[PDB]
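For reference, my_file06.cif (mmCIF, C-alpha atoms and all ligand atoms):
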```cif
data_model
#
loop_
_atom_site.label_atom_id
_atom_site.label_comp_id
_atom_site.auth_asym_id
_atom_site.auth_seq_id
_atom_site.Cartn_x
_atom_site.Cartn_y
_atom_site.Cartn_z
CA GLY A 2 194.82 108.77 -51.78
CA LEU A 3 195.79 107.06 -55.01
CA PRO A 4 197.80 109.51 -57.18
CA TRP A 5 196.97 110.03 -60.83
CA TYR A 6 199.67 107.62 -62.04
CA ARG A 7 198.53 104.70 -59.82
CA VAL A 8 194.83 104.96 -60.71
CA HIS A 9 194.76 101.79 -62.83
CA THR A 10 196.26 99.75 -59.96
CA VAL A 11 192.87 99.28 -58.27
CA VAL A 12 192.16 96.60 -60.90
CA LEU A 13 195.40 94.78 -60.09
CA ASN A 14 193.80 92.26 -57.69
CA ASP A 15 190.30 92.11 -59.28
CA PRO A 16 190.40 89.57 -62.15
CA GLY A 17 186.87 90.27 -63.38
CA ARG A 18 187.47 94.00 -63.52
CA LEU A 19 190.85 93.25 -65.14
CA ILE A 20 189.04 91.33 -67.88
CA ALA A 21 186.68 94.31 -68.15
CA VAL A 22 189.46 96.84 -68.73
CA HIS A 23 191.22 94.50 -71.16
CA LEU A 24 187.92 94.19 -73.04
CA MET A 25 187.52 97.96 -73.15
CA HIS A 26 191.05 98.41 -74.51
CA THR A 27 190.42 95.70 -77.11
CA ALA A 28 187.16 97.41 -78.08
CA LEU A 29 188.94 100.73 -78.52
CA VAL A 30 191.68 99.17 -80.65
CA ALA A 31 189.20 97.35 -82.89
CA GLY A 32 187.15 100.53 -83.23
CA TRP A 33 190.30 102.39 -84.24
CA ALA A 34 191.03 99.74 -86.87
CA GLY A 35 187.55 100.08 -88.34
CA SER A 36 187.54 103.88 -88.22
CA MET A 37 191.01 104.15 -89.77
CA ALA A 38 189.94 101.79 -92.55
CA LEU A 39 186.81 103.87 -93.19
CA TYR A 40 188.73 107.16 -93.27
CA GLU A 41 191.38 105.71 -95.57
CA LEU A 42 188.68 104.41 -97.92
CA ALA A 43 187.08 107.86 -97.84
CA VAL A 44 190.36 109.54 -98.87
CA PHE A 45 191.81 106.76 -101.05
CA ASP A 46 192.15 107.20 -104.83
CA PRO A 47 192.04 103.74 -106.49
CA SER A 48 192.28 105.06 -110.06
CA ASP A 49 196.03 104.77 -110.75
CA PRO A 50 197.95 101.90 -109.06
CA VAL A 51 201.23 102.24 -111.01
CA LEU A 52 202.01 105.95 -110.43
CA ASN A 53 199.69 106.59 -107.45
CA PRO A 54 199.76 103.38 -105.40
CA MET A 55 198.54 102.95 -101.84
CA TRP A 56 201.88 103.88 -100.26
CA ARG A 57 202.04 107.22 -102.11
CA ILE B 67 160.62 86.32 -128.83
CA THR B 68 158.93 86.18 -132.24
CA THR B 69 156.28 88.59 -133.49
CA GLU B 70 153.86 85.66 -133.76
CA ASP B 71 154.38 85.07 -130.02
CA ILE B 72 153.87 88.73 -129.04
CA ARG B 73 150.47 88.66 -130.75
CA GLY B 74 149.58 85.61 -128.68
CA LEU B 75 150.26 87.39 -125.39
CA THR B 76 147.78 89.84 -123.90
CA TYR B 77 148.90 93.04 -122.20
CA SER B 78 148.15 91.60 -118.75
CA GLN B 79 150.65 88.78 -119.27
CA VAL B 80 153.36 91.05 -120.69
CA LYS B 81 152.99 93.86 -118.15
CA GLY B 82 155.69 94.04 -115.49
CA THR B 83 157.70 91.10 -116.89
CA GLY B 84 160.39 92.95 -118.86
CA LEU B 85 159.28 91.42 -122.17
CA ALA B 86 158.11 94.81 -123.48
CA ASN B 87 161.71 96.08 -123.56
CA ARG B 88 162.97 92.97 -125.36
CA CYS B 89 163.52 93.23 -129.10
CA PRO B 90 161.82 90.48 -131.16
CA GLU B 91 163.62 88.20 -133.60
CA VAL B 92 162.91 86.29 -136.80
CA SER B 93 162.38 82.58 -136.22
CA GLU B 94 164.88 80.07 -137.58
CA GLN B 95 161.98 78.12 -139.08
CA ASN B 96 160.97 81.25 -141.05
CA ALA B 97 164.35 82.25 -142.48
CA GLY B 98 166.45 82.03 -145.61
CA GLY B 99 164.22 84.55 -147.38
CA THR B 100 164.96 87.52 -149.62
CA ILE B 101 163.26 90.92 -149.35
CA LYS B 102 163.68 91.99 -152.96
CA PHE B 103 163.19 95.67 -153.84
CA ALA B 104 161.10 95.65 -157.00
CA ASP B 105 161.37 98.76 -159.15
CA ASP B 106 158.25 100.90 -159.56
CA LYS B 107 157.55 100.15 -155.88
CA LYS B 108 158.53 102.47 -153.04
CA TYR B 109 159.63 100.54 -149.94
CA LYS B 110 160.13 101.57 -146.35
CA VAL B 111 161.30 100.23 -143.00
CA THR B 112 158.97 99.74 -140.04
CA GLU B 113 159.18 98.35 -136.50
CA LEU B 114 162.97 98.74 -136.51
CA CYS B 115 163.62 97.77 -132.89
CA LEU B 116 167.13 97.84 -131.37
CA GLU B 117 167.78 96.18 -128.01
CA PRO B 118 171.30 96.92 -126.68
CA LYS B 119 172.51 94.00 -124.56
CA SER B 120 175.97 95.35 -123.61
CA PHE B 121 176.95 98.90 -122.65
CA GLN B 122 180.56 100.07 -122.66
CA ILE B 123 182.07 103.50 -121.97
CA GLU B 124 185.47 104.84 -123.03
CA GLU B 125 186.89 105.77 -119.62
CA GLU B 126 190.32 107.19 -118.91
CA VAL B 127 192.70 104.54 -117.58
CA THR B 128 193.69 106.77 -114.64
CA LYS B 129 192.35 109.79 -112.77
CA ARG B 130 195.40 111.84 -113.83
CA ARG B 131 194.29 115.34 -114.79
CA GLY B 132 196.15 115.05 -118.13
CA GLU B 133 195.14 111.49 -119.00
CA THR B 134 194.93 110.91 -122.76
CA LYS B 135 194.80 107.09 -122.84
CA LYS B 136 191.31 105.61 -122.63
CA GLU B 137 189.80 102.12 -122.74
CA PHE B 138 186.29 100.70 -123.02
CA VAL B 139 184.97 99.51 -119.64
CA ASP B 140 181.75 97.60 -119.01
CA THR B 141 179.00 99.26 -116.99
CA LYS B 142 175.95 98.56 -114.83
CA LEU B 143 172.57 99.84 -116.02
CA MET B 144 171.19 102.24 -113.39
CA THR B 145 168.03 103.04 -115.14
CA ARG B 146 165.82 99.97 -115.08
CA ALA B 147 164.97 98.56 -118.48
CA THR B 148 163.64 101.30 -120.69
CA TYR B 149 166.69 101.46 -123.06
CA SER B 150 165.48 99.55 -126.14
CA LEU B 151 164.21 101.56 -129.11
CA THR B 152 161.21 100.56 -131.16
CA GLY B 153 158.77 101.71 -133.80
CA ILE B 154 161.49 103.27 -135.97
CA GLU B 155 160.30 103.64 -139.56
CA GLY B 156 161.25 105.55 -142.68
CA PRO B 157 161.63 105.49 -146.46
CA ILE B 158 164.08 103.45 -148.52
CA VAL B 159 165.32 105.69 -151.35
CA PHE B 160 168.01 105.68 -154.03
CA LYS B 161 169.76 108.76 -152.66
CA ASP B 162 173.20 107.64 -153.90
CA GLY B 163 174.80 104.70 -155.73
CA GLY B 164 172.95 102.27 -153.45
CA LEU B 165 169.74 102.07 -151.44
CA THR B 166 169.53 104.03 -148.20
CA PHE B 167 167.22 104.02 -145.18
CA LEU B 168 166.35 107.45 -143.75
CA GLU B 169 165.19 107.52 -140.13
CA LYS B 170 161.98 109.54 -139.76
CA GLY B 171 160.04 108.34 -136.72
CA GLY B 172 159.49 105.90 -133.88
CA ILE B 173 160.64 105.99 -130.29
CA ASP B 174 164.19 106.20 -131.73
CA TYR B 175 165.94 107.40 -128.54
CA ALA B 176 166.38 106.31 -124.93
CA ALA B 177 167.74 108.59 -122.19
CA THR B 178 169.59 105.84 -120.36
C1 LIG C 1 200.60 97.15 -71.76
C2 LIG C 1 201.54 97.56 -70.99
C3 LIG C 1 201.39 98.29 -69.73
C4 LIG C 1 200.46 98.05 -68.72
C5 LIG C 1 199.36 97.03 -68.73
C6 LIG C 1 200.73 98.97 -67.68
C7 LIG C 1 200.11 99.10 -66.45
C8 LIG C 1 200.44 99.93 -65.44
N1 LIG C 1 201.45 100.86 -65.43
MG1 LIG C 1 202.59 101.25 -66.96
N2 LIG C 1 204.04 101.46 -68.29
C9 LIG C 1 204.10 100.88 -69.55
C10 LIG C 1 203.27 99.92 -70.04
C11 LIG C 1 202.22 99.35 -69.32
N3 LIG C 1 201.84 99.81 -68.03
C12 LIG C 1 205.24 101.38 -70.33
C13 LIG C 1 205.56 101.01 -71.75
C14 LIG C 1 205.91 102.26 -69.52
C15 LIG C 1 207.13 103.07 -69.85
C16 LIG C 1 206.82 104.52 -70.13
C17 LIG C 1 205.20 102.32 -68.27
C18 LIG C 1 205.63 103.06 -67.22
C19 LIG C 1 204.97 103.09 -66.01
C20 LIG C 1 205.29 103.79 -64.84
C21 LIG C 1 206.50 104.65 -64.63
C22 LIG C 1 204.28 103.51 -63.89
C23 LIG C 1 203.41 102.64 -64.53
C24 LIG C 1 202.36 102.23 -63.71
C25 LIG C 1 201.39 101.40 -64.17
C26 LIG C 1 200.20 101.01 -63.35
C27 LIG C 1 199.25 102.22 -63.23
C28 LIG C 1 199.22 103.17 -64.43
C29 LIG C 1 198.09 104.14 -64.42
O1 LIG C 1 197.15 104.12 -63.67
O2 LIG C 1 198.27 105.08 -65.35
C30 LIG C 1 197.30 106.16 -65.39
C31 LIG C 1 197.67 107.01 -66.56
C32 LIG C 1 196.99 108.13 -66.82
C33 LIG C 1 195.87 108.62 -65.95
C34 LIG C 1 197.26 108.99 -68.04
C35 LIG C 1 198.48 108.61 -68.89
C36 LIG C 1 198.59 109.44 -70.17
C37 LIG C 1 199.74 109.08 -71.11
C38 LIG C 1 201.09 109.39 -70.48
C39 LIG C 1 199.61 109.73 -72.49
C40 LIG C 1 198.48 109.29 -73.41
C41 LIG C 1 198.49 107.81 -73.77
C42 LIG C 1 197.62 107.44 -74.97
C43 LIG C 1 196.18 107.91 -74.78
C44 LIG C 1 197.65 105.95 -75.31
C45 LIG C 1 199.01 105.29 -75.57
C46 LIG C 1 198.99 104.30 -76.74
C47 LIG C 1 199.95 103.12 -76.66
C48 LIG C 1 200.02 102.39 -77.98
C49 LIG C 1 201.35 103.50 -76.19
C50 LIG C 1 199.62 99.88 -64.17
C51 LIG C 1 199.71 98.52 -63.47
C52 LIG C 1 202.55 102.91 -62.35
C53 LIG C 1 202.79 101.87 -61.27
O3 LIG C 1 203.62 101.01 -61.33
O4 LIG C 1 201.96 102.04 -60.25
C54 LIG C 1 202.07 101.08 -59.17
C55 LIG C 1 203.75 103.76 -62.56
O5 LIG C 1 204.16 104.52 -61.70
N4 LIG C 1 203.73 102.34 -65.83
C1 LIG C 2 189.86 77.23 -72.12
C2 LIG C 2 189.35 78.35 -71.69
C3 LIG C 2 189.81 79.71 -71.95
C4 LIG C 2 189.77 80.40 -73.15
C5 LIG C 2 189.21 79.88 -74.45
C6 LIG C 2 190.30 81.68 -72.92
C7 LIG C 2 190.49 82.71 -73.82
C8 LIG C 2 190.88 83.98 -73.57
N1 LIG C 2 191.26 84.51 -72.35
MG1 LIG C 2 191.47 83.43 -70.74
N2 LIG C 2 191.26 82.55 -68.96
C9 LIG C 2 190.92 81.22 -68.72
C10 LIG C 2 190.58 80.29 -69.64
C11 LIG C 2 190.37 80.57 -70.98
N3 LIG C 2 190.69 81.83 -71.55
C12 LIG C 2 190.85 80.92 -67.28
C13 LIG C 2 190.50 79.61 -66.65
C14 LIG C 2 191.15 82.09 -66.63
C15 LIG C 2 191.16 82.32 -65.14
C16 LIG C 2 189.93 83.04 -64.66
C17 LIG C 2 191.41 83.09 -67.63
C18 LIG C 2 191.72 84.37 -67.32
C19 LIG C 2 191.91 85.35 -68.27
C20 LIG C 2 192.19 86.71 -68.10
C21 LIG C 2 192.47 87.40 -66.80
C22 LIG C 2 192.18 87.31 -69.38
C23 LIG C 2 191.90 86.28 -70.28
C24 LIG C 2 191.78 86.74 -71.61
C25 LIG C 2 191.43 85.89 -72.60
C26 LIG C 2 191.16 86.29 -74.04
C27 LIG C 2 192.33 87.09 -74.65
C28 LIG C 2 192.30 87.31 -76.17
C29 LIG C 2 191.21 88.23 -76.61
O1 LIG C 2 190.66 89.03 -75.91
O2 LIG C 2 190.95 88.08 -77.91
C30 LIG C 2 190.23 89.17 -78.56
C31 LIG C 2 188.76 89.02 -78.39
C32 LIG C 2 187.92 88.47 -79.26
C33 LIG C 2 188.34 87.89 -80.59
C34 LIG C 2 186.44 88.44 -78.98
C35 LIG C 2 185.78 87.07 -79.18
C36 LIG C 2 186.45 85.94 -78.41
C37 LIG C 2 185.74 84.58 -78.44
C38 LIG C 2 185.73 83.99 -79.84
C39 LIG C 2 184.33 84.62 -77.85
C40 LIG C 2 184.19 85.25 -76.47
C41 LIG C 2 182.82 85.03 -75.85
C42 LIG C 2 182.72 83.87 -74.86
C43 LIG C 2 181.28 83.38 -74.71
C44 LIG C 2 183.31 84.29 -73.51
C45 LIG C 2 183.59 83.19 -72.49
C46 LIG C 2 184.85 82.37 -72.78
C47 LIG C 2 186.17 82.94 -72.27
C48 LIG C 2 186.98 81.88 -71.55
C49 LIG C 2 187.00 83.58 -73.37
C50 LIG C 2 191.00 84.95 -74.72
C51 LIG C 2 189.80 84.95 -75.67
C52 LIG C 2 192.05 88.25 -71.56
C53 LIG C 2 190.84 89.07 -72.00
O3 LIG C 2 189.74 88.96 -71.55
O4 LIG C 2 191.17 89.94 -72.96
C54 LIG C 2 190.11 90.77 -73.45
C55 LIG C 2 192.31 88.53 -70.13
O5 LIG C 2 192.58 89.65 -69.73
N4 LIG C 2 191.75 85.04 -69.69
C1 LIG C 3 201.04 96.07 -78.93
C2 LIG C 3 200.44 97.22 -78.90
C3 LIG C 3 199.85 97.97 -77.78
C4 LIG C 3 200.26 97.97 -76.46
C5 LIG C 3 201.30 97.08 -75.84
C6 LIG C 3 199.47 98.92 -75.77
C7 LIG C 3 199.58 99.40 -74.48
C8 LIG C 3 198.81 100.30 -73.85
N1 LIG C 3 197.70 100.94 -74.34
MG1 LIG C 3 197.03 100.69 -76.15
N2 LIG C 3 196.54 100.85 -78.06
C9 LIG C 3 197.06 100.11 -79.12
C10 LIG C 3 198.05 99.18 -79.06
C11 LIG C 3 198.77 98.87 -77.91
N3 LIG C 3 198.49 99.49 -76.66
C12 LIG C 3 196.43 100.45 -80.39
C13 LIG C 3 196.75 99.89 -81.74
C14 LIG C 3 195.50 101.42 -80.13
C15 LIG C 3 194.55 102.05 -81.12
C16 LIG C 3 195.13 103.26 -81.80
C17 LIG C 3 195.56 101.70 -78.71
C18 LIG C 3 194.81 102.66 -78.10
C19 LIG C 3 194.91 102.95 -76.75
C20 LIG C 3 194.21 103.89 -75.98
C21 LIG C 3 193.12 104.80 -76.46
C22 LIG C 3 194.69 103.79 -74.66
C23 LIG C 3 195.64 102.78 -74.67
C24 LIG C 3 196.23 102.58 -73.40
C25 LIG C 3 197.25 101.71 -73.27
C26 LIG C 3 198.01 101.49 -71.98
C27 LIG C 3 197.13 100.74 -70.97
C28 LIG C 3 197.78 100.56 -69.59
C29 LIG C 3 197.99 101.85 -68.86
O1 LIG C 3 197.11 102.56 -68.46
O2 LIG C 3 199.29 102.11 -68.71
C30 LIG C 3 199.67 103.33 -68.00
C31 LIG C 3 199.96 104.41 -68.98
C32 LIG C 3 201.02 104.50 -69.77
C33 LIG C 3 202.14 103.50 -69.81
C34 LIG C 3 201.13 105.69 -70.71
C35 LIG C 3 202.41 105.84 -71.54
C36 LIG C 3 202.32 105.22 -72.94
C37 LIG C 3 203.42 105.60 -73.93
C38 LIG C 3 204.80 105.19 -73.42
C39 LIG C 3 203.36 107.09 -74.27
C40 LIG C 3 204.09 107.53 -75.53
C41 LIG C 3 204.32 109.04 -75.59
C42 LIG C 3 203.10 109.89 -75.97
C43 LIG C 3 202.79 109.74 -77.46
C44 LIG C 3 203.30 111.35 -75.58
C45 LIG C 3 203.01 111.74 -74.14
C46 LIG C 3 203.32 113.20 -73.86
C47 LIG C 3 202.71 113.82 -72.61
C48 LIG C 3 201.25 114.15 -72.80
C49 LIG C 3 202.90 112.94 -71.39
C50 LIG C 3 199.17 100.65 -72.44
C51 LIG C 3 200.51 101.38 -72.33
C52 LIG C 3 195.49 103.50 -72.42
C53 LIG C 3 196.31 104.45 -71.55
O3 LIG C 3 197.46 104.72 -71.73
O4 LIG C 3 195.56 104.95 -70.57
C54 LIG C 3 196.21 105.87 -69.66
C55 LIG C 3 194.64 104.34 -73.32
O5 LIG C 3 194.03 105.31 -72.92
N4 LIG C 3 195.84 102.20 -75.91
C1 LIG C 4 197.56 111.57 -78.65
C2 LIG C 4 198.37 110.55 -79.40
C3 LIG C 4 199.44 109.97 -78.87
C4 LIG C 4 200.30 108.95 -79.57
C5 LIG C 4 199.72 108.47 -80.90
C6 LIG C 4 199.00 109.60 -81.67
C7 LIG C 4 200.02 110.68 -82.05
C8 LIG C 4 198.42 109.03 -82.96
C9 LIG C 4 197.88 110.20 -80.77
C10 LIG C 4 196.66 109.32 -80.69
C11 LIG C 4 196.56 108.29 -79.87
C12 LIG C 4 195.46 107.33 -79.70
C13 LIG C 4 195.67 106.27 -78.66
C14 LIG C 4 194.39 107.34 -80.54
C15 LIG C 4 193.39 106.31 -80.68
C16 LIG C 4 192.09 106.47 -80.99
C17 LIG C 4 190.99 105.58 -80.66
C18 LIG C 4 191.29 104.37 -79.81
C19 LIG C 4 189.75 105.81 -81.17
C20 LIG C 4 188.58 104.99 -81.01
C21 LIG C 4 187.78 104.59 -82.02
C22 LIG C 4 186.64 103.74 -81.82
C23 LIG C 4 185.41 103.82 -82.40
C24 LIG C 4 185.01 104.93 -83.34
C25 LIG C 4 184.45 102.76 -82.15
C26 LIG C 4 183.23 102.60 -82.70
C27 LIG C 4 182.21 101.78 -82.11
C28 LIG C 4 180.86 101.86 -82.29
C29 LIG C 4 180.21 102.90 -83.17
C30 LIG C 4 180.00 100.89 -81.62
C31 LIG C 4 178.67 100.79 -81.68
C32 LIG C 4 177.88 99.65 -81.22
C33 LIG C 4 177.71 99.40 -79.91
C34 LIG C 4 178.28 100.25 -78.81
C35 LIG C 4 176.93 98.22 -79.40
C36 LIG C 4 176.70 97.15 -80.44
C37 LIG C 4 176.26 97.77 -81.75
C38 LIG C 4 177.28 98.77 -82.33
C39 LIG C 4 176.53 99.63 -83.35
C40 LIG C 4 178.38 97.99 -83.06
#
```
Represent the structure from my file as structure tokens, please.
Ligand code: CLA
Ligand code: CLA
Ligand code: CLA
Ligand SMILES: CC1=CCCC(C)(C)[C@H]1/C=C/C(C)=C/C=C/C(C)=C/C=C/C=C(C)/C=C/C=C(C)/C=C/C1=C(C)CCCC1(C)C
Amino acid sequence: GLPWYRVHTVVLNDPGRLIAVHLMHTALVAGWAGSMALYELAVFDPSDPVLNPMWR
Amino acid sequence: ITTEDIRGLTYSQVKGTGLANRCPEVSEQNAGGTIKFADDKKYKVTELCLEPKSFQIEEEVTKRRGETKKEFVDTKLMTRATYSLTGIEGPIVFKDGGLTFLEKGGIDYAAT
């Protein structure tokens, strides 16, 4: 049938399903942005910006 | 709020309004006086009420484990308004070269 590396080619000629998979990818990326921000805020130390800035 | 105004209000009006925590004040109309301490007359303080309106804490400027520099930062009150002291009274005696007030009663503390 369709090997493991061609599996996302079924949505090649289905524009609605293509919009669906693009939406899912966008959802995952936005969720990553939010989750990364939350984790960073959880582990961030805002006390000392001159000797312990964000990049340290 | 003046003491003359607190007498006018009943407990029902004052309850739940935050006016009980507020320290009174002497009116500008009734001012410019002089509470002279006559000899052969022992005097004392009463109703010494202290309302703190600003709270500041000397916090370290950084979370460094060896931080020695500190500055006064403003704070939010977490307890609701029970912080004002009231009812503080005590004698006025000639302990030393001048008069002195000795605190001996009243609410005189607030665990804020
Ligand atoms: C946004 C860009 C993009 C898009 C939309 C596509 C889309 C496609 N590619 Mg891919 N491709 C891309 C970038 C992209 N590619 C890049 C950068 C490369 C170079 C490495 C390739 C190399 C490549 C090859 C060699 C082939 C495809 C093929 C395909 C088709 C099927 C793939 C499939 O079903 O995989 C299914 C994949 C899996 C079931 C698992 C993959 C797991 C990966 C390797 C590791 C984990 C990835 C991780 C979770 C997320 C990555 C994050 C990202 C920021 C990089 C599909 C049309 C196939 C094709 O043309 O078929 C006709 C094909 O043979 N692509
Ligand atoms: C003037 C009309 C118009 C507008 C405004 C857009 C806008 C968009 N199209 Mg495009 N598109 C159009 C006509 C239009 N298209 C036509 C006529 C076709 C042929 C059918 C397509 C076919 C097409 C495809 C195949 C794809 C797009 C995609 C996209 C989106 C990519 C960016 C994204 O996801 O942002 C990030 C998302 C957001 C910020 C979320 C909110 C976006 C807005 C503010 C509200 C969305 C709700 C709204 C009611 C939906 C209906 C309107 C729709 C046209 C967008 C973008 C919003 C891509 C997509 O869907 O990516 C996910 C995509 O794959 N379009
Ligand atoms: C501009 C930025 C960008 C671009 C162009 C892409 C592109 C892609 N993303 Mg997305 N992604 C982005 C940002 C971006 N992403 C961000 C910021 C996030 C949040 C962290 C994600 C999270 C995300 C997820 C969760 C998934 C994707 C997937 C995909 C692929 C969808 C098409 C596909 O199936 O291709 C076919 C597959 C490929 C081309 C895979 C190869 C991708 C690179 C070259 C692999 C790099 C090496 C890797 C680290 C080690 C692999 C070792 C071994 C296990 C093989 C495509 C390559 C999906 C995917 O790959 O599904 C299979 C997927 O699951 N992305
Ligand atoms: C394996 C590997 C390879 C290369 C890069 C790297 C080394 C980093 C490593 C990792 C790669 C990747 C791609 C990691 C990405 C992680 C991702 C995309 C994580 C996803 C996070 C998303 C999250 C939580 C989303 C949260 C969404 C929620 C609650 C939604 C809930 C909701 C729903 C569903 C309906 C409406 C109401 C409400 C409550 C909003």
Q: Select, from B:130, B:114, B:109, B:99, the residue with the minimum atom-to-atom distance to chain A, counting all atoms listed in the file.
A: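 Smallest separation from chain A among the options: B:130.
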Q | Selection near stretch 42-50 of chain A, 9 Å with all atoms listed in the file, sequence-local residues under 6 positions removed, as a PyMOL selection string | A | chain B and resi 127-130
Q: Write out as a list in words the residues lying within 7 Å of residue B:167, counting only C-alpha atoms and excluding same-chain residues fewer than 2 positions away.
A: residues 156, 157, 158, 159 and 169 of chain B
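Coordinates place atom CA of residue A:23 at a distance of 12.7 Å from atom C47 of ligand LIG 2 (chain C).
Using only C-alpha atoms, the nearest neighbour of chain B within the list A:17, A:51, A:38, A:57 is A:51.
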**Q.** Option closest in space to chain A, from B:73, B:131, B:142, B:119 [counting only C-alpha atoms]
**A.**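 So, comparing all the options, the nearest one is B:131.
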Q) Using all atoms listed in the file, which protein or nucleic acid residues are at most 8 Å from ligand LIG 4 (chain C), as a ChimeraX atom specification? A) /A:26,28-36
Output C-alpha atoms for every residue in that selection, as a PDB file, in the frame of the given file.
```pdb
ATOM      1  CA  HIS A  26     191.050  98.410 -74.510  1.00  0.00           C
ATOM      2  CA  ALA A  28     187.160  97.410 -78.080  1.00  0.00           C
ATOM      3  CA  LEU A  29     188.940 100.730 -78.520  1.00  0.00           C
ATOM      4  CA  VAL A  30     191.680  99.170 -80.650  1.00  0.00           C
ATOM      5  CA  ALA A  31     189.200  97.350 -82.890  1.00  0.00           C
ATOM      6  CA  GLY A  32     187.150 100.530 -83.230  1.00  0.00           C
ATOM      7  CA  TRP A  33     190.300 102.390 -84.240  1.00  0.00           C
ATOM      8  CA  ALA A  34     191.030  99.740 -86.870  1.00  0.00           C
ATOM      9  CA  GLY A  35     187.550 100.080 -88.340  1.00  0.00           C
ATOM     10  CA  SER A  36     187.540 103.880 -88.220  1.00  0.00           C
TER      11      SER A  36
END
```
Please find the residues contacting ligand LIG 1 (chain C) at a distance of at most 7 Å between atoms, with all atoms listed in the file counted, and report them as a PDB file with C-alpha atoms, keeping the file's coordinate frame.
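New file result_35.pdb:
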```
ATOM      1  CA  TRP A   5     196.970 110.030 -60.830  1.00  0.00           C
ATOM      2  CA  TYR A   6     199.670 107.620 -62.040  1.00  0.00           C
ATOM      3  CA  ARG A   7     198.530 104.700 -59.820  1.00  0.00           C
ATOM      4  CA  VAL A   8     194.830 104.960 -60.710  1.00  0.00           C
ATOM      5  CA  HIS A   9     194.760 101.790 -62.830  1.00  0.00           C
ATOM      6  CA  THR A  10     196.260  99.750 -59.960  1.00  0.00           C
ATOM      7  CA  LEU A  13     195.400  94.780 -60.090  1.00  0.00           C
TER       8      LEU A  13
END
```
Q) For chain A, which residue among B:111, B:133, B:145, B:70 is the nearest when counting all atoms listed in the file? A)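 Between B:111, B:133, B:145, B:70, the residue approaching chain A most closely is B:133.
For ligand LIG 2 (chain C), the neighbouring polymer residues at 8 Å or closer are residues 16, 17, 19, 20, 21, 22, 23, 24, 25, 26 and 27 of chain A, all atoms listed in the file being used.
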Q.
If I take atom CA of residue B:126 and atom CA of residue A:37, how far is one from the other in Å, to one decimal?
A. 29.3 Å
Around the point (162.3, 98.7, -120.5) (coordinates from the file), which residues reach within 7 Å if we count all atoms listed in the file? Answer as a PDB file with C-alpha atoms, in the frame of the given file.
```
ATOM      1  CA  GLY B  84     160.390  92.950-118.860  1.00  0.00           C
ATOM      2  CA  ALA B  86     158.110  94.810-123.480  1.00  0.00           C
ATOM      3  CA  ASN B  87     161.710  96.080-123.560  1.00  0.00           C
ATOM      4  CA  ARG B 146     165.820  99.970-115.080  1.00  0.00           C
ATOM      5  CA  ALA B 147     164.970  98.560-118.480  1.00  0.00           C
ATOM      6  CA  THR B 148     163.640 101.300-120.690  1.00  0.00           C
ATOM      7  CA  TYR B 149     166.690 101.460-123.060  1.00  0.00           C
ATOM      8  CA  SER B 150     165.480  99.550-126.140  1.00  0.00           C
TER       9      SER B 150
END
```
Q: Would you mind reading off the distance between atom CA of residue B:71 and atom CA of residue B:117, one decimal, in Å?
A: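 Taking atom CA of residue B:71 and atom CA of residue B:117, their separation equals 17.5 Å.
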With 8 Å added on each side, what axis-aligned box encloses every listed atom of ligand LIG 3 (chain C)? Give the centre and edge lengths in Å to one decimal, as AutoDock Vina command-line options.
```
--center_x 199.0 --center_y 105.1 --center_z -74.9 --size_x 27.7 --size_y 34.1 --size_z 29.8
```
Q. For chain B, which of A:54, A:18, A:4, A:41 is the closest residue, counting all atoms listed in the file?
A. A:54
Q) Hey, what's within 7 Å of residue B:112 if we count all atoms listed in the file and toss same-chain stuff fewer than 6 positions away? As a ChimeraX atom specification, please? A) /B:153-156
Q. Using all atoms listed in the file, which of B:67, B:96, B:143, B:125 sits nearest chain A?
A. B:125
File output, stretch 95-102 of chain B (N, CA and C atoms) as an mmCIF file, in the first residue's frame:
```
data_model
loop_
_atom_site.group_PDB
_atom_site.id
_atom_site.type_symbol
_atom_site.label_atom_id
_atom_site.label_comp_id
_atom_site.auth_asym_id
_atom_site.auth_seq_id
_atom_site.Cartn_x
_atom_site.Cartn_y
_atom_site.Cartn_z
ATOM 1 N N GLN B 95 -11.205 73.154 62.478
ATOM 2 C CA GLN B 95 -11.948 74.178 63.204
ATOM 3 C C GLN B 95 -11.554 74.194 64.675
ATOM 4 N N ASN B 96 -11.389 73.014 65.271
ATOM 5 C CA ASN B 96 -10.965 72.868 66.664
ATOM 6 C C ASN B 96 -9.479 72.522 66.654
ATOM 7 N N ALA B 97 -8.640 73.550 66.566
ATOM 8 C CA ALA B 97 -7.197 73.363 66.515
ATOM 9 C C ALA B 97 -6.534 74.620 67.066
ATOM 10 N N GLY B 98 -5.205 74.626 67.047
ATOM 11 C CA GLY B 98 -4.452 75.726 67.608
ATOM 12 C C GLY B 98 -4.447 75.771 69.117
ATOM 13 N N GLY B 99 -4.782 74.663 69.781
ATOM 14 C CA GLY B 99 -4.828 74.610 71.223
ATOM 15 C C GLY B 99 -3.479 74.268 71.837
ATOM 16 N N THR B 100 -3.512 74.049 73.151
ATOM 17 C CA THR B 100 -2.308 73.780 73.937
ATOM 18 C C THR B 100 -2.725 72.933 75.135
ATOM 19 N N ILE B 101 -2.264 71.683 75.167
ATOM 20 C CA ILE B 101 -2.549 70.783 76.279
ATOM 21 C C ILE B 101 -1.457 70.958 77.325
ATOM 22 N N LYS B 102 -1.629 71.938 78.208
ATOM 23 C CA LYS B 102 -0.596 72.250 79.183
ATOM 24 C C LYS B 102 -0.638 71.263 80.344
#
```
